[PDB]
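Here is how the chains run, residue by residue.
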Amino acid sequence: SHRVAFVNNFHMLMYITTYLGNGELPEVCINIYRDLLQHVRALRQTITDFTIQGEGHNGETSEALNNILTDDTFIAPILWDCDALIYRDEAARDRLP
Amino acid sequence: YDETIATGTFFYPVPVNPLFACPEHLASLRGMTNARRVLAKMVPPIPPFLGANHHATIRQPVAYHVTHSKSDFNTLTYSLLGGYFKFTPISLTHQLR
Amino acid sequence: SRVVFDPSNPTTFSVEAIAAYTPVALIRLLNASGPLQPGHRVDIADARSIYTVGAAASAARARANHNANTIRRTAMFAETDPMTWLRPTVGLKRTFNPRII
Amino acid sequence: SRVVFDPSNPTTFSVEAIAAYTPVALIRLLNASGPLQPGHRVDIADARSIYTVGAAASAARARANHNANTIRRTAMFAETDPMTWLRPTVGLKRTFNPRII
Amino acid sequence: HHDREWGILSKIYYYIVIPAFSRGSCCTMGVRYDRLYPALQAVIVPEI
């Protein structure tokens, strides 16, 4: 079945893709990962060209003020770790975590 | 990523050239804090020792053009070839002739 | 013994000695429910833990028995390089055939 | 001359005498070092250099001992003599499995 | 574990592309671990 499973396991896929570049494995997954990386890079470039660097007293708040979606309040539907939550809790220090 | 070799063991990538940008290398080097890494990626684009961009302000406009265009390398190379000239009076007359 | 009525005595050595085929068949024939009143089976978490540890012990014994014709297992990473200042040690990626032939 | 506490005795004397595989395994299995105060633990660069020199000497000796099928060698540059009016044998270098020699 | 970039990428993947692709079939439900764990732990020893 040409359909590909293990799509929701991006957390392990992003680490598997590092070793996936051996050569014996099919290159369709490598091409998909390369396309996803290119799309991510293009999105980052567009979001950093649209934004304007300046202001901010607590840190790099320009991205949060421009994109809005860059804020760390929105978390994944399935919890996997809390280190990022603790980091943003002690970094914001103004949203009463 | 590479689990076979520990991060920051064989190489110590550091920002030494204003044109050469290695944002993920600092993160992969390990030992820094998230806030410091994100701020260093966001605000300062030049290392402190090479921050004197007035020495050669040539790579910045072409880099900006190539990042905004994102494609069409033919016209980029044509523009670079057209702009690759000198300022001496003899060079101007040679170009005109 | 493979009777759930009095499983206090046949808990570890009985499971390790005999194969898992008989308890598997008993579980299959006894659907997905078991009487927790007879024997020393308080609630269901203790019974589940006993079953899981027994299955793990049986699997470990089977692996040890079958290790004669196979090669000893190794960890993904080495973590056996006390001479960090001298030189590092790379990991292990087993790609050979696990069998002798 | 095989004490792991002082990394200066098993450097070349215990490496160039016999195959280095056994000393390497012994060093790996005998940790890295113990008390570094009562010994010549300073200037580890010289110890590393002498150890690598001994390892290279042992490897060269082993290669010479095992090179029973390749003993004749020549140069690659031509026209090295004024008397080059003829074409010598071309042949091929060591780029094939050892079958004839 | 890693920097905030990994978390940003994970939340972008979990909040944009996944709903945009499966907005008509995405649903979250619980899992009976106590009922599923003994089912998949059926160890069978073969005749090697």
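Participant: Please provide a residue-by-residue account of the overall build of chain B, values included.
Facilitator: Of regular secondary structure, chain B possesses five helices and zero strands. Seen in sequence order, chain B has helices and strands lined up from the N terminus as α-α-α-α-α. Against the 2.2 N^0.38 benchmark of 13 Å for 97 residues, chain B shows a C-alpha radius of gyration of 19 Å, more extended than a compact globule. Principal-axis analysis of the C-alpha atoms places the extent of chain B at approximately 60 × 30 × 25 Å. Contacts in chain B between residues at least 24 apart in sequence constitute 32% of all its contacts with a sequence separation of at least 6.

Participant: Can you tell me about the overall build of chain A, naming the residues and giving the values?
Facilitator: If you tally the helices and strands in chain A, you get four helices and zero strands. Counted from the first residue to the last, chain A has its helices and strands arranged as α-α-α-α. For a compact globule of 97 residues, the expected C-alpha radius of gyration is about 13 Å, and chain A comes in at 18 Å, more than 25% above that figure. With respect to the principal axes defined by its C-alpha atoms, chain A has extents near 50 × 30 × 25 Å.

Participant: Give a detailed account of the interface of chain E and chain A, specifying residues and quantitative values.
Facilitator: Facing eleven residues of chain E, the contacting portion of chain A comprises 19 residues. Of the residues in the side of chain E that touches chain A, the class split is seven nonpolar, one polar and three charged.

Participant: Outline the pattern of salt bridges, listing residues and values.
Facilitator: It is possible for side chains of opposite charge to pair when their charged atoms get near one another. One pass over the structure, following the stated rule, counts four salt bridges over all chains. A salt bridge links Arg-95 of chain A to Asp-94 of chain A; the shortest N-O distance between them is 3.1 Å. Here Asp-34 of chain E ties to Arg-48 of chain C by a salt bridge, and the two come within 3.2 Å at their closest N and O atoms. Here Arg-48 of chain C lies in helix α3 (residues 45–66) and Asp-34 of chain E lies in helix α2 (residues 33–40), a pairing that spans two chains. You can call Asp-34 of chain E partly exposed: its relative accessible area is 38%.

Participant: Hey, could you go over the packing of aromatic side chains for me, with residue numbers and the actual values?
Facilitator: For any two aromatic rings, the description comes down to two numbers: the centre-to-centre distance and the angle of the planes. All names here are of chain E. Per the stated rule, a full pass over the model turns up six aromatic pairs over all chains. Considering the side-chain rings of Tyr-33 and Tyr-37, the 5.6 Å spacing of their centres and the 35° angle between planes classify their relative orientation as tilted. Here the residue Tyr-33 and the residue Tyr-37 both occupy positions in helix α2, the gap between them amounting to four residues, near one helical turn. Relative accessible area serves as the criterion here: at 45%, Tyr-37 is assigned to the partly exposed category.

Participant: An account of the arrangement of the chains is requested, with residue identities and associated values reported.
Facilitator: When the seven pairs of chains in contact are compared, the highest contact count belongs to chains A and E. Regarding chain D and chain E, the two do not touch, and the least distance separating their C-alpha atoms is 30 Å.

Participant: Run through the side chain of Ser-62 of chain A, naming residues and quoting values.
Facilitator: Residues and elements named next belong to chain A. With respect to the helices and strands, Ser-62 occurs in helix α3 (residues 62–66). Within polar-contact distance, the side chain of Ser-62 engages the backbone oxygen of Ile-52 at 3.0 Å. Ignoring any residue separated from it by four or fewer positions in sequence, one finds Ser-62 in contact with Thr-51, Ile-52, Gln-53 and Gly-54.

Participant: Before we move on, could you go through the environment of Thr-70 of chain A and cite the residues and values that matter?
Facilitator: The residue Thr-70 of chain A is located in the loop between α3 and α4 (83–92) in this model. Spatially, the C-alpha atoms of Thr-70 of chain A and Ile-47 of chain A are 10.0 Å apart, while their sequence positions differ by 23 residues. Those residues within four positions of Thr-70 of chain A in sequence are excluded, and the remaining contacts are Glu-63 and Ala-64 of chain A together with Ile-8 and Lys-11 of chain E. A distance of 2.8 Å separates the side chain of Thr-70 of chain A from the backbone oxygen of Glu-63 of chain A, its partner in a polar contact.

Thresholds, definitions, all that
- Residues numbered from 1 in each chain as written, not as in the entry; some residues may be left out.
- Chains lettered and ligands numbered in written order.
- Part of a larger assembly, values for the part shown.
- Heavy atoms only, no water.
- Residues with missing side-chain atoms left out of burial classes, pairs and counts.
- Helix = DSSP H or I, 4+ residues; strand = E, 2+ residues; numbered from the N terminus.
- Rg over C-alpha atoms; globule rule 2.2 N^0.38 Å.
- Contact = heavy atoms within 4.5 Å.
- Nonpolar A, V, L, I, M, F, W, Y, C, P; charged D, E, K, R; others polar.
- Salt bridge = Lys/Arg side-chain N within 4 Å of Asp/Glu carboxyl O.
- Buried < 20%, exposed > 50% of the residue type's maximum accessible area, 1.4 Å probe, protein only.
- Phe/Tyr/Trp six-rings, centres within 6.5 Å; stacked < 30°, edge-to-face > 60°.
- Polar contact = N/O pair within 3.5 Å; in protein donor to acceptor, adjacent residues only side chain to side chain.

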